[PDB]
Every structure is written in structure tokens, then in C-alpha cells.
Amino acid sequence: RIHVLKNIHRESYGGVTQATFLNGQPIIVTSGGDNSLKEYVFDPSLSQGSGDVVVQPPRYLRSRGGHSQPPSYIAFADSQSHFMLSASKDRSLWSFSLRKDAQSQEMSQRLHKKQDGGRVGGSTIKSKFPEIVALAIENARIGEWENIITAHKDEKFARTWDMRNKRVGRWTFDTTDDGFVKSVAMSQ
Amino acid sequence: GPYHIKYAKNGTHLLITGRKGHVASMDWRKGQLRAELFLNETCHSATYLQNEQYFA
Amino acid sequence: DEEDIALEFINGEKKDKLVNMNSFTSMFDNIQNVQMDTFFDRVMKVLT
Amino acid sequence: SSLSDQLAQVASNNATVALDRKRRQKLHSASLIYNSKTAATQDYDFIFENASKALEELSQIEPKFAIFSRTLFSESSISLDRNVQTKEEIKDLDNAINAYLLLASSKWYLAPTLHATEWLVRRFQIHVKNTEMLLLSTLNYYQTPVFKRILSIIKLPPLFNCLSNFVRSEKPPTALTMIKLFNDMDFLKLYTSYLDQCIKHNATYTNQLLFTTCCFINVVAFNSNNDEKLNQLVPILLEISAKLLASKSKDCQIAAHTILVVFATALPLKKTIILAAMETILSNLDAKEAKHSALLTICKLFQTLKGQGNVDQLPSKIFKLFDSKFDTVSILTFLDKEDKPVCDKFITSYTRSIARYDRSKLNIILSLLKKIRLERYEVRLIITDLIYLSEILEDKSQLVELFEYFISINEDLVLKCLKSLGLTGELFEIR
Amino acid sequence: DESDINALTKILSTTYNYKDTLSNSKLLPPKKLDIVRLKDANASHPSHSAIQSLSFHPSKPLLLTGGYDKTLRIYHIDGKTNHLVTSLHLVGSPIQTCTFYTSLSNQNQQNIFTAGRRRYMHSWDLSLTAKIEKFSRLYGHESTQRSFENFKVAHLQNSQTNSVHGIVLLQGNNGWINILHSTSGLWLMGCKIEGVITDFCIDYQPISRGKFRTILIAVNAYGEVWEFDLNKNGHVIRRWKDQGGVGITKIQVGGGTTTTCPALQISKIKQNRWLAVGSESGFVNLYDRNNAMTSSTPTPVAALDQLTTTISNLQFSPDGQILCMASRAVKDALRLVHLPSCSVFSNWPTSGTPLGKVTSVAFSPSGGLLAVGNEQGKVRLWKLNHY
Amino acid sequence: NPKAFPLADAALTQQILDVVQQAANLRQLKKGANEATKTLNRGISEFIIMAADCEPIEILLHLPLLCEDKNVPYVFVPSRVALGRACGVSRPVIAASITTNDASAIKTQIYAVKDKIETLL
Amino acid sequence: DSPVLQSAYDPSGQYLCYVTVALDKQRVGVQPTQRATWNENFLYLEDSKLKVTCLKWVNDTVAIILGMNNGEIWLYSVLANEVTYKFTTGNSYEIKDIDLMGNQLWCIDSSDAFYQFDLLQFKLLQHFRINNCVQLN
Amino acid sequence: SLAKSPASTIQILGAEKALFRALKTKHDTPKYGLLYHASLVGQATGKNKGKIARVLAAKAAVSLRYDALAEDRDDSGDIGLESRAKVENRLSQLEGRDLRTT
RNA sequence: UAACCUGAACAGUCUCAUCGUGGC
């Protein structure tokens with residue numbers, strides 16, 4: 001048994017639904033019911049004499065994907081109707097392209113560093129943010145600082161995001177009255 | 001660009017020219033290149049003179 | 001009394017030696033022309 | 001990619017072809033005996049004739065080199081150039097070189113093998129073409145100047161990357177460097193394939209088995225604190241344990257015993273894996289030192305076994321196989337040793353398998369559990385299946401005297417098991 | 001090539017996991033814990049002081065916290081929402097030790113005994129107004145007991161009837177332990193050790209059906225340990241010496257019924273297997289009382305040295321497989337040492353565990369659940385997934 | 001061990017190890033046999049504590065021989081493990097010299113323990 | 001948030017059944033809604049991860065059916081303190097809802113399956129599943 | 001008189017003029033002395049021959065004052081042999097390390 | 001009666017050490 005790629009697709013959406021080798025090629029395309037299509041490639045062997053017994057494990061290559069759950073919120077990122085921000089119940093914020101579907105990219109949730117230098121809390125096993133109730137994007141100062149302000153399900157602070165970097169921001173705005181965020185806005 | 005090829009008169013050295021600017025003189029049968037110069041105007045052709053030591 | 005049986009089962013457990021990073025680093029010095037059964041009991045002395 | 005990268009690839013392909021005098025000198029001065037200024041002036045006839053002398057010496061020491069005198073050391077091979085024949089002739093002579101190297105891996109302490117493989121280094125360029133097999137064959141000799149010499153002249157493979165600060169150095173690689181070399185996974189797959197060819201062609205020698213087992217148990221020791229690396233590592237070293245147990249050498253069998261005992265005490269393996277491991281241990285047990293190591297190995301592998309199901313009766317096939325390899329006198333004697341091994345859970349499983357599968361040898365289980373002391377759950381399960389033995393078959397003096405032993409010690413416990421199932425007056429009326 | 005001694009190869013080619021699965025383990029794996037963090041137990045209602053003592057209920061899901069702000073709070077704990085059951089503020093009486101007592105006869109009393117640096121000790125009778133009584137009479141022995149701080153509650157049998165009653169045990173000045181009734185407050189007996197009494201613990205051992213025996217185990221500062229049989233008159237049965245150990249702060253037993261893992265039913269009383277003597281340098285000797293009740297200079301099975309300042313808590317988990325060393329002197333000084341292997345778990349606590357300055361610790365009797373109270377006034381709560 | 005003269009009883013060894021612990025907190029002791037003999041040579045030791053627990057005791061019983069030349073008090077305690085705990089290191093300590101000081105906070109405790117030592121000489 | 005995880009009245013609103021956590025294990029208790037007509041004993045779920053997903057009062061030995069998260073419907077009498085009968089499906093899927101009409105119990109599964117049980121016969125009568133209904137709760 | 005000297009003195013015992021010039025001006029003292037010609041220090045190489053000159057002087061102080069101060073001594077080399085085993089495996093564990101990165 | 005020691009008893013207005021720089 002060469003290798004096992006575990007959790008290559010979600011079991012709840014069907015597992016790996018079709019996997020096929022492109023023939024003559026060391027690349028295999030998988031697709032699952034979680035709205036995802038991946039490719040995995042076999043690199044050539046690392047031993048220069050044996051080869052057939054030292055099989056390097058398959059690594060990841062390109063993939064396309066979308067939301068695995070129906071989206072819960074929708075906004076347009078700019079006045080040109082090129083990108084649109086889209087948040088789903090599977091707790092991901094995607095930025096989908098209306099012009100060319102290769103440009104669709106998941107906004108990353110990799111947090112910044114704390115401003116003073118203290119530790120940030122949270123679980124070690126990183127999971128995605130609670131699913132997005134509302135959002136408000138105003139790209140007047142885009143690239144300059146935080147640009148999207150978003151409000152999640154049953155939590156008392158609103159995160160920010162940067163659409164230029166396509167990532168989370170440094171700030172989570174609290175409500176200061178122990179109430180969940182019911183709306184967000186931002187000025188132009 | 002498209003590469004004009006040229007060999008030395010004994011087959012030891014190879015001289016390639018890109019159409020864009022990339023001229024490389026090399027020992028194609030070892031792995032030794034001895035000139036890789038990017039002359040950013042459109043080059044057309046090259047040749048060795050009497051050696052791998054000079055090329056036009 | 002299944003809790004009492006479970007407590008006597010976890011009570012009849014004896015202290016063992018665990019493998020460290022460096023429980024076997026000092027064997028290369030004396031793997032020279034000794035026999036393999038002497039190596040086996042030299043390992044078993046480390047494990048016990 | 002870039003042009004200098006693609007040209008480095010074509011240099012690495014054309015590494016061995018001498019395309020002028022300076023490359024021929026730099027490429028022919030790589031000797032294993034002489035220094036560069038002598039080695040560059042030597043011929044093929046000179047190094048061939050004294051390598052043929054050394055192969056005659058090596059062949060009268062060990063007579064399996066005569067066919068290498070027929071093919072690899074013949075006089076057609078003076079003019080045989082390596083990089084002028086096709087891939088099929090290349091793979092023919094490269095498994096010829098692999099055969100010579102894993103035959104002469106054992107002989108590396110005596111100078112005829114140095115002067116003989118000098119000709120493989122200088123004619124067939126095996127320091128740069130067949131280099132992985134050369135390193136893997138002489139890996140044992142790493143404190144020695146012959147491994148210093150092959151490291152000085154070698155071109156190092158990408159799997160052997162940590163030896164790159166010990167090439168052209170005056171000090172030998174250290175043991176921690178050897179464990180860092182073995183700690184990779186692709187290197188572990190490479191070395192286990194090398195051992196598979198060794199075990200297949202019957203060339204495993206005891207210095208190699210010692211070095212291999214030392215580096216393996218140090219890999220397990222280094223990875224003893226990350227379970228995902230141990231779990232990546234289990235079907236490699238247990239596979240090589242199966243392939244060492246599936247051979248005839250007592251030395252390689254107890255090498256596999258060492259690997260199995262360290263690996264089972266490093267992580268708690270599955271019960272069925274431990275049982276199949278003891279089946280593979282017993283299925284080829286022929287020696288005596290192998291029997292000593294096999295009994296100690298099966299005892300520790302059953303000791304390192306937790307949960308509901310540690311001390312069941314081991315099944316009928318494996319129990320009668322363990323009987324055919326180890327009878328009663330062997331088990332009783334080994335328990336009577338004053339060094340006191342820890343044989344608790346295995347001896348409990350053994351006596352319960354006797355009570356389910358033999359039903360004649362109960363005086364011996366009285367004597368052996370008189371010898372060694374057990375725990376409360378062990379003797380509780382023993383007396384429960386003795387109670388079931390009394391209720392299935394008629395209760396004679398051997399079962400009666402067993403219950404006299406279980407009355408003479410810990411009578412409250414046998415009362416507790418009878419009250420959990422049965423009655424004391426009813427059991428005394430039974431027997 | 002082929003169509004379809006190989007037992008190991010076949011079992012490896014079929015298996016994919018290679019370790020014990022979930023519940024066919026029944027005893028803890030060493031060196032790697034499995035411990036999730038729950039909601040902080042006193043997060044619902046904050047504490048106004050360092051949390052000086054902490055005890056779970058023997059049966060109910062209740063956690064009693066208490067500290068120098070002279071109030072004691074009971075929390076219904078669960079995973080999500082640890083709420084506050086009730087809360088009683090004793091004015092002018094800062095509390096230092098607070099214990100759920102639950103008798104063995106009817107298991108229906110549910111007293112809370114609490115005490116601080118005072119010449120009295122309160123006893124709240126749990127009734128879900130609040131009826132509390134005050135013990136303030138040492139019946140002739142007030143000179144040798146000037147502060148009710150260090151008490152422990154235990155069970156005692158009459159040994160001519162099979163009638164048990166609770167005793168509280170007060171650690172006094174000279175070497176004295178004053179044992180007195182937990183309902184009437186009558187001074188029953190006293191046990192004097194020779195030196196500076198620093199700590200003590202209670203061991204029980206069964207004798208027959210329905211009879212057990214209570215042993216008080218009291219340690220000098222120097223390291224010498226007295227064991228008093230006190231189901232008879234409080235007379236010494238064993239006197240031994242701790243190997244090493246010069247400033248001795250805390251002794252504990254474990255592996256059976258301690259005062260912190262209490263038995264609900266008299267037939268469920270067990271003999272303790274382990275005994276840990278933790279010292280001022282952070283050294284914790286560990287003795288195995290399945291063989292170390294005979295030697296009279298017994299050697300420890302291991303001396304742990306992992307945390308370097310003064311041992312102020314050391315508690316055994318109810319199964320008796322983890323010991324918890326803890327120090328209130330520096331921050332984050334808590335270790336969980338697995339035993340019998342006597343090896344500290346290396347994956348918890350990490351550098352980011354919000355342990356704080358650990359000034360109390362408690363183990364749940366059923367759930368497998370740590371509560372750790374620090375000097376900021378926070379009980380943090382963890383669940384061990386082996387249980 | 002028989003040849004470990006004056007050995008302390010429990011009360012004297014408890015107060016010896018108490019003054020060792022507070023001298024270790026005041027950084028006023030030299031722990032180890034070689035450092036004890038260095039303080040013996042330099043004449044800056046108040047008294048020497050040794051352990052009657054080392055398996056060769058002859059690695060110890062040489063600093064008595066230059067204690068009785070400089071008439072500095074010396075004493076034996078029964079446990080090298082407990083002496084190491086008192087000195088406040090993680091290793092067993094075989095001998096320890098409490099060094100001299102005249103502005104020391106624990107000067108009175110050092111003097112009381114050394115008088116109790118030189119009563120039994 | 002509330003500690004009471006599940007709760008339901010009997011018909012006529014005379015008793016309240018309620019599932020709360022008790023130090024990592026679920027417990028099911030019944031209280032009378034007026035004392036003028038405590039109840040200190042609970043059903044204890046003995047596993048730390050087995051939990052009640054739904055509950056329904058039956059209507060005459062009075063009982064609760066507790067739909068668990070391991071493909072079981074426990075049937076638990078309240079005057080006594082044991083689960084009297086353990087209905088089980090063939091699976092391990094948590095069950096999202098139950099109901100009953102008379103003696104005929106019906107239940108839905110996390111694999112969107114319908115099961116029918118008979119309280120008078122203690123048997124799984126029917127098992128089926130229907131198209132385009134795929135997230136039933 | 002050699003037995004009642006500390007192990008640091010037994011380390012530097014031969015190198016008195018280098019020692020006292022390197023103390024009377026504030027320089028770095030020698031590390032070998034007369035003990036440099038021991039076979040173990042010969043086996044060491046680098047700065048760890050200073051290191052095992054130190055550990056060899058420590059174990060040599062142990063063995064030397066055992067020999068001078070024992071009365072039930074047996075002339076059989078037992079304490080010196082266990083001390084030599086300690087020094088040899090210490091020399092092994094600091095010749096096994098290497099300052100290179102592999 | 002006291003003195004002294006001692007329990008987690010310096011340190012957010014951060015405390016302390018050491019080497020320097022400029023003017024305690």
C-alpha cells in the first residue's frame with residue numbers, strides 16, 4: 001500500500017465520488033459532492049537507483065472549488081461588477097469572479113498578530129468562524145486598511161477583512177453591551 | 001522568442017539566440033554554459049568566429 | 001461490583017520503563033563483533 | 001525552469017563521460033587505493049591485473065567470486081565501456097554490480113576486497129553510477145577509513161543528504177548522524193528494500209544485523225514522542241520484521257525479535273497484530289538462541305497489551321503451534337529462572353488456553369502458577385474458567401487440587417467468584 | 001506473475017490503524033494526555049479573591065469554591081453553562097478550606113464544612129435561609145488549637161457497633177491533630193507527632209464485611225511520618241521516614257478512597273495504593289503502599305522533580321492513575337504525572353494553558369474532570385476524555 | 001556508616017538543614033566537596049556539613065583532616081539526598097560549606113547551629 | 001444560555017420531563033408542575049457521549065420515549081427508574097425526531113430514513129426513505 | 001597531600017607558571033596541567049579535552065582520596081575502574097555530538 | 001509581654017542587574 005490521502009473530500013457530502021488517473025500521467029483528478037474538484041500528482045522517485053520501491057507520496061496540485069453549503073450572504077465587491085463576496089453556512093467567505101471563474105478565491109482566515117504582543121486565545125484545533133449573518137464592504141480606502149466588516153452568528157463581535165489581500169483583518173469590533181451583532185455598516 | 005540555433009564547427013559548443021534578447025553560448029554536451037547574456041533588443045542570429053571564445 | 005472489578009484490573013498494573021529519545025544511543029559503541037543474542041539481552045536490559 | 005537548471009540536469013546525465021583530457025583526469029583520479037597523482041597516471045591494465053590478483057585471493061577466501069571473474073572481472077571488461085551500451089545492457093551490468101556489492105559487503109575488513117572493488121570504481125564508475133548500493137552495502141563500516149575513502153570519492157545521493165558535511169573530512173560520521181540518516185521515511189523504504197535483497201540472496205551477516213537493528217531501534221526511540229510518526233513507521237519496520245523472521249538465519253531472526261520487542265514497548269499495537277506477530281515468530285523457529293529470544297519476545301509482546309481482552313485464551317491454532325515449539329518443560333524451566341522476567345499476562349493467557357484446549361495438563365499449570373505470582377484479575381479469570389471446567393466435565397483430583405491451591409491462597413477471592421456465579425456448598429457438593 | 005509465516009504481512013495489509021481503538025484500553029496511555037477545555041466554572045459569577053479551596057460533590061454535579069473574600073459559592077457544573085446554584089457570604093470569616101461531607105449511613109446529610117484563620121469552623125447543612133452551625137469549642141483543648149485552617153473530614157467506625165460517623169481533623173500547633181465529631185463537635189481524640197506538623201491525610205483499610213479502619217497519616221516538617229490507628233484509641237501503629245525530603249509541605253494518598261474521592265457506600269471503601277510526599281524544593285517522593293507498608297525505611301518508587309518551587313497541592317485522580325502536582329508560588333506550575341509509570345505527561349499543560357498561579361485543584365469523582373483555581377479568582381475547567 | 005564522626009540526631013539535623021536552606025537563599029553556601037575544601041583552604045567557611053550516605057565515604061573523610069587544622073566545626077547528616085534538597089539543587093550534595101559573613105541576616109542562626117555543633121565537636 | 005437541553009410537558013401539562021447535563025452525562029428527570037395535587041431521582045445516561053436528541057410523552061403506564069443519538073429510542077417509565085425497552089434501528093445514525101399515534105411510533109433518521117415501530121409489539125415494522133427530502137429534522 | 005587537594009588543583013597541577021601568570025595579570029588560565037598526558041585526554045579532541053580534563057580530574061580526585069584515605073582497601077582497582085567507566089561514557093557522549101548541522 | 005523568623009509578601013506609575021553615554 002503506497003499511501004492514503006485521508007479526508008480528501010467530505011464524507012457527509014458523499015466522500016470521493018469520482019477519482020481518475022489522466023492516462024499516461026502521474027496526476028489523478030478527484031471530485032466530491034462537496035462542490036470541489038482536485039488534482040494530485042506523483043513526483044518522480046527520490047532514490048536514483050531503486051525508484052519502484054521508494055514511491056514518493058502523492059502531493060496536491062491545482063484544484064477548483066466553491067461553497068459546500070448554500071450561501072448565506074452576498075455582496076458585490078466593487079462598482080465594476082467583477083468580484084462578489086459570498087458567505088456560506090459552511091463558514092467560509094469566498095470571493096467569486098463574474099468574469100473568469102479561475103479568479104474565484106477563498107478569503108483566508110489566518111489571523112494577524114496581536115497589537116500589543118500578548119497571546120490570542122481560541123482553540124488550538126483551528127476551525128472556521130461562525131457563519132456570517134451580515135457584511136458591509138466599502139472599497140474607498142482599499143489596500144490602505146481593513147475594508148470589509150462582517151457579523152457572525154451568535155457572537156458578540158464583528159470581524160474585519162481586507163479584500164485587497166483577501167484575508168482577515170486585525171480588528172474585531174466589540175458591541176460593549178453583551179449583545180450579539182445584528183447589523184453592520186461602514187461609511188464611504 | 002524563437003531560438004536561432006548555431007553549433008561550433010566541431011560540435012562542442014552551442015549558441016542559441018532568442019528573438020527577444022536571450023543569447024546563450026554553452027557546452028551542450030557537458031552542462032557548462034559560458035555566456036548567458038540578455039540583450040534586451042531583438043536579436044536575429046549569431047555565429048561563432050573561430051572558436052567558442054568569440055561569437056558575433 | 002463491576003466497578004470493583006475494573007478497579008482491581010487497573011490496580012494490577014506494574015511500573016514499566018518507557019522508551020526515551022536516548023534510551024538506545026549508547027549501543028553503537030558495543031555492537032562491534034558481539035553476538036546478536038548478546039545484543040538482544042542488552043536491549044532487554046534497557047527495556048526492563 | 002531556467003537554462004542553468006536544465007544544463008545542470010544535462011551535466012548530471014553526462015557526469016561519467018570524459019569529453020576532454022581535464023575531465024578524464026579529474027574523473028580517473030578518483031581512486032580507492034592511491035592518491036590522485038598516482039591514480040591519474042595509472043592504466044586500465046595495471047589496475048585490472050592487481051584487481052584480478054585480489055579477486056583470486058577473495059575467491060579462495062569465499063568461493064562465490066568466481067563467477068564475477070567469469071563476467072565482471074574478465075578480460076573483455078578491460079575494453080567494455082559503460083556508457084556506450086544501451087539501457088538493457090546497463091541494467092544487466094548494474095545488477096551484476098549489485099550482486100558483487102551485496103556479496104562483498106561482509107568482506108570489507110580485508111584488503112583484497114578493497115583492491116578488487118577498486119576496479120569497479122575505476123572501470124565501471126560505480127562511485128557515481130551505482131552509488132546508492134555502494135553506500136547501503138558499506139554503511140556498517142562508518143567508523144572505518146574505508147567508509148571515509150568512499151565518502152571522499154563518492155557523489156552523494158539525495159537520500160543520503162546528512163552525510164554531506166562528512167565528505168572530504170578527517171573525522172568519521174557519528175552515531176547520531178547515522179540515526180539522523182535512518183530517521184527518514186524514504187530512506188527507511190530504501191534500506192528495507194536493500195535488506196529484502198540481502199535476505200533473498202542469503203547474505204545477511206551478523207555485523208550488518210547488529211548495525212541495522214541498532215539504527216532501527218534508535219529511529220523508534222527518536223520517534224517515540226510523536227504517534228503520527230510512529231504510525232507512519234509501523235508498516236515499514238513490522239514488514240521488515242516479517243521478512244527477517246521469514247528467513248533461516250538465527251541472527252536475523254533475533255534481530256527481528258529485537259525490532260519487534262522495542263516496537264511493541266514503544267507503542268501499544270493491536271491485539272491481532274501482536275497475535276499474528278507471534279504466529280510469524282513461531283512459524284520458522286528452528287534455532288536455540290532464537291528460541292530464547294522468541295520466548296522473551298512473546299512474553300514482552302503480551303505484557304504490552306492493554307484493555308478488555310489482554311488475557312483471553314490465545315486461540316487453538318496459535319496455542320498448539322506454541323505447544324509444538326515450546327513444550328511444558330521449557331515454559332516451567334524458564335519461569336524457574338532467578339532473573340525473574342515479567343511473564344504475567346502471557347502466562348495467564350497460556351493457562352487459560354490450556355484449560356480451554358488441553359484439559360489433561362492441569363498439574364503443570366498448578367506447578368507453574370505456584371512458581372510465579374499473578375495479579376487479582378489474572379487469578380480471578382483463571383478460577384472462573386476452572387469453575388466452568390468443573391461444570392462442563394467431571395471434576396477429578398487435578399481440578400480438586402487446583403482448587404485446594406486457590407483455597408490455600410486467596411480463599412476470599414474464590415468465594416467472591418463463586419458468589420458471583422454459584423455457591424460454596426453447591427461447589428463442595430460438586431467436588 | 002501471481003493470482004490470489006505470512007500472518008504478520010497479512011494483518012498489516014488489512015489493518016489501517018495500528019493501536020487500541022477506543023474503549024478496549026480501560027487504563028490511561030502514558031506521555032500524551034487527552035484533555036479538552038470546558039467553560040471556566042466560576043465564569044458565571046466571578047470571585048472577589050484568590051480561590052483557596054475547591055471541592056466537588058461526591059454524587060451531585062456541584063463544585064464548591066471558596067477564598068479569602070469570606071464567601072463560598074456552589075456551581076452546577078456541566079460542559080457549556082456552569083451556573084451558580086447558591087452562594088453564602090459569611091461575614092468576618094475568610095475561608096481557607098471547604099469540604100463537601102456526605103455520610104456513609106444514609107448518604108443524605110450533605111454538609112459543607114468550612115474554615116479559615118479563626119477559632120471556629122462553620123458547618124452548613126444543605127437543604128436547597130440556610131441552616132449553618134458553628135463549631136467553636138475544643139472540649140478542654142483550646143490551647144493546642146488556635147486556628148481551624150487546616151482541617152480534613154473523614155469517616156470513622158465505632159468498632160463495637162457498625163455505626164459510622166464523620167470526624168473533622170484539625171491540625172494544631174505542637175504536633176497535635178485534634179479529631180472531633182462532625183455533628184456534635186465533641187473532641188474524640190488527639191494524636192501528637194514529634195516535630196512541626198505540616199500536613200496529614202486519611203487512609204482507610206477494609207477488614208471484613210462492613211468494617212473498615214481509619215488511619216491518620218501525619219508528617220513532620222523534617223520528613224518522618226506517623227501512622228495512627230484511630231478507629232481504636234488514637235495509637236501509633238507505624239512510624240517511618242521519607243527518603244530524602246527536608247522541607248515537607250504536603251502528603252496525599254490515592255488510588256482508593258481519599259477525602260477528595262470519597263466512598264458513597266461503606267462496602268465501596270478501598271485501600272489506597274499510592275502515597276505522595278511533596279516538598280519545599282518541588283520534589284515529590286512517590287511510595288507504593290502495596291509493598292511500602294512493611295519496610296519502615298521505604299524507598300520511593302520515583303522522586304519527581306519537574307516543578308521547582310514549593311509543592312502546595314498534590315491530588316490523586318479517583319482511579320488513582322494521575323497525580324497532580326501544583327505550586328502556588330510561580331505561574332503555571334502544575335503537572336499531571338501518570339502512574340504506575342511515574343512519568344509526566346509531556347503534551348499538557350503547554351505554554352498557553354491559562355493555569356495562572358495555581359492555588360487550588362480538584363478532581364471530579366465521576367466525570368474525569370479537573371478544576372484549577374488560580375490567584376486571579378478563576379476556576380478553569382478541563383475534561384479528561386479517557387473517562 | 002561507622003567512620004562518620006559526629007553524626008547529628010533528628011532535631012539538630014533539622015535545624016542544620018534549616019540554616020542550610022536559608023543560607024542557600026542568601027547565596028552563602030558552597031555546595032559540593034571540592035568547593036567545601038576550597039573554602040577550607042581559604043579560611044572563609046563557618047562550618048562544614050557532610051553526608052554519611054556516600055558509598056565511598058573516603059571521598060569525604062579528608063576534609064575533616066583539614067577541618068581539625070583550622071579548628072572549623074564539621075558535622076555529618078545522614079542523607080545526601082536531603083542535603084541536596086536543602087541546598088536547593090536537583091542533585092544529591094555530598095558536602096556543603098556555609099561561608100562567612102558579618103552583615104548576614106542569618107548570622108545569629110549560623111552561630112547558634114555552629115555552637116550546637118561544637119558541643120559535640 | 002439554559003442548562004435544560006430538552007424539555008416537554010405531558011398532555012394536560014401536569015408533569016415536565018427535562019434532560020440536563022450533570023458533570024458530562026445526560027440526565028432525564030420528571031417534575032410535577034404543581035406540588036399541590038421534589039422528585040430527586042433521575043435517569044442517568046451512563047455514557048459521556050450518548051445524549052438525548054428528542055423526547056415524547058406516551059399516553060396507561062406513563063412513560064417517555066427518548067430518541068438518542070445512536071439509532072435508539074429508549075422507552076423509560078417514570079414511576080420506576082429504568083428504560084423498560086430499547087428500540088433500535090439497524091444503524092448508528094442519530095435520530096432527529098419521533099412521534100406516536102396511539103401505539104404506532106414513527107421516527108426520522110439523520111440519513112433521512114423513516115422508521116416505524118409498534119409499541120404494542122416492540123418491533124420495527126417499516127423502514128423506507130423517499131426522494132427529494134434529504135435534510136429532515 | 002595530593003588527596004586533600006580539590007579536583008581543580010588536580011586538573012591544573014602541572015601548569016603552575018602559566019596559571020599564576022594568568023592570574024597575576026587578568027588572563028585566561030590553562031586547562032590541562034600535568035593531566036594532559038592521560039590516555040583519555042589523548043582520546044579527546046578539541047575543546048572537549050579541556051572538558052574531560054575537568055571530569056578526569058574530578059574522578060581522579062575521587063579515586064585518589066579513596067586510595068589515600070581508605071582502610072579496607074583491596075588493591076583491586078574497583079573504584080578507579082567504575083570511575084573510568086564513568087569518564088569513558090562521558091567522553092563517548094561528548095564525542096558523539098557534533099557542532100555541524102546535518 | 002516582647003523581639004526575631006516564617007506561609008504564594010519587590011515589580012504597570014513595570015522592578016532589578018550590568019556595561020556605556022550626557023549632565024544625584
# chains A, B, ... in the order shown; residues from 1 in each chain; ligands from 1
$ residues_around --residues "region 73-82 of chain H" --least-positions-apart "4" --cutoff "12 Å" --atoms "only C-alpha atoms (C1' of nucleotides)" --output "list in words"
residues 55, 56, 57, 58 and 59 of chain F; 56, 58, 59, 60, 61, 62, 63, 64, 65, 66, 67, 68, 69, 86, 87, 88 and 89 of chain H
$ interface_residues --of "chain D" --to "chain H" --cutoff "7 Å" --atoms "only C-alpha atoms" --output "list in words"
residues 162, 165, 174, 175 and 176 of chain D
$ atom_distance --atom1 "CA of residue 1 (chain E)" --atom2 "CA of residue 196 (chain D)"
18.6 Å
$ atom_distance --atom1 "CA of residue 22 (chain H)" --atom2 "CA of residue 29 (chain F)"
27.2 Å
